[PDB]
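For reference, the structure I am asking about is given below.
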Amino acid sequence: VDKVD
Amino acid sequence: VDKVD
Amino acid sequence: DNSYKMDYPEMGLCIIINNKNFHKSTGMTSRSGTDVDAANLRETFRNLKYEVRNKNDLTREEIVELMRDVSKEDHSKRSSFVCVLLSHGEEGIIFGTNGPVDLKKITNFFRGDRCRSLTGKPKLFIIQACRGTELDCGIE
Amino acid sequence: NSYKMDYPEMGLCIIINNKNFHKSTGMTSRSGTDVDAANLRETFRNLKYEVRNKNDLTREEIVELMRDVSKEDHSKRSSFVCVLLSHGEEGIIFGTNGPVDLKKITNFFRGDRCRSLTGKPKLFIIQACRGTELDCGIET
Amino acid sequence: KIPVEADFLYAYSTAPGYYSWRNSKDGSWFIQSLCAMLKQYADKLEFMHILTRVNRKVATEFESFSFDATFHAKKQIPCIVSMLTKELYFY
Amino acid sequence: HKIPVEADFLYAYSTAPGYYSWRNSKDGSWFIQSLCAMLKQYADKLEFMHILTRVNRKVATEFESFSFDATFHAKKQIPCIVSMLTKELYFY
C-alpha cells in the first residue's frame, strides 16, 4: 500500500 | 561597481 | 514523448518585470544596471521568437494582478511561457516597489490545474533577485 | 565541458536508510525502504561506485558519518554520491531520534571544507517528505 | 576561485512543500524510477537528461491508492536542484 | 491519466538558496548577462538544461565581486537551476 514520507 | 540584489 | 513540442504557431509570452526604483519607505536601494538586463533579455527572447512584454516599476499588487491576468489569457496556440523577474528578493520572496510578494503566489497562477491552456507546456521562471544575505567567499 | 569521470575510482555512494524511528518521534516505520536501499546499492555498483549502506542512524550518527566521509581523501575519486532515505520536512531529514538540517549535512562537502572534492560533482539524492501538501493532479 | 556551493546537485523526490510517496512493497516512486532510468540510460544520456526522464516517469506512471480518500489518487513530481558547472556522464 | 499540477515548471534562480545575488552597475547582473550570452550562442544547438549549466559555469568562473567595502569584496556566485520539467527543451 501507498504511504507518505 | 558590483552591488547586491 | 521526450521533447516538449515547440512547433506551435507561437513560442509564447516572455513577461519581463524590471523593478529598479523602490519606495524610499522600504529602505531598498535603486537597482543600477537592471535596465541593461531588461534590454538584453528583450533582444534575446525576440530572437527566440517570444512575444516579449517589458513592465517597469510594479508594486506587489500590480505584479499579482499582471500575473493573474496573463494566466487567464488563452495560451492554446503557444508552446511555452517565460517570466523574468528582476528585483530585490529574500528566500522565496520577490519585492515589488512597495513591499514583498511570495514567489509561490506568482507561480501558482500557472499551475496545471489553474492555467489549463498551459497544462503540459514548459513554464520558465527566470529570477534575478537575492535569496538571503550569505556571501560566497570562494575557494582557490 | 563535462566533468572528468576517469579518475581511478568513480567515488563513494553512501546510502543512509532509516526505517525504524524511536517512539519519541511519532514516526511510522517506513515499509518498503529496504527494497529502495538494495535497489540503489545494485545500481551504483553497476556504475562502479564503492557503496556503503548504513541503516537506522540517529541524527548524531548521521553528522558524525558525514564529517568522517568529508574528512576522507577523495583525491583519486571522480565524484561523491549521498542517498538519504527517511522522513523529512522542508530542509530537514530525520534521524531515528530526531531532525537534522539538510544544509548541515551538505556543508561538510563545501568546496572549501572538502578540498579533495573541489571541482567535483557532489550528488545528494533525497527520498523524504518536504511538507504536507498533496498534489491532486489535473487530467491532460 | 570558484563558489564554495558550486558543483552540487540535489535530486529531490518531490517538490518543495509536498509529501513524498513510497509503496510498502515496491519502494519509493522516486527511487524505483531513478534506478530504472539509470539502468536503462546511464550508458547513453547526460545525467540531468536521465533525471528528467525520472521526472516524467514519476509524474505520469504513479498515482496514490489509499483507502483514505484524503490520500487517494495523488500525484508527485520530483525536483532537480543543480548547482553543477559541467555535464555529468557516467560513461 | 493525470499529471501533477507542479510539473513542467523550471525556476532558473540567479543564486543559491540563502545567498546574495550580484549585479554590476554598468553591465547588468552577472546571471542575466551570462544567461543572454549563453542563449545567443547555444539556443540553436543545446538543450536548455545544458545551456543553463553553461550559465552556471560562466557565473561561477568568470565573475568575482569588486567592492570598496572589504565585507563585500572578492565574493563569488553560483546559480540554481530548479527543474520540475518532464521533458527536454529545445528552442529550435
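The first residue you see is number 1, and the count goes up from there.
Technique stated in the header: X-ray crystallography, 2.4 Å.
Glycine residues also receive a Cβ, built from the backbone N, Cα and C atoms like all the rest.
For reference, Swiss-Prot lists these features for the protein:
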ACT_SITE  C:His88  active site
ACT_SITE  C:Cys130  active site
MOD_RES   C:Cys130  S-nitrosocysteine
Give me the count of other Cβ atoms within 10 A of the Cβ belonging to C:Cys130 (active site).
24
For C:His88 (active site), what is the tally of other C-beta atoms lying within 10 angstroms of its C-beta?
21
What is the separation, in Å, between the Cα atoms of C:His88 (active site) and C:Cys130 (active site)?
6
In terms of DSSP three-state secondary structure, what is the assignment for C:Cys130 (active site)?
coil
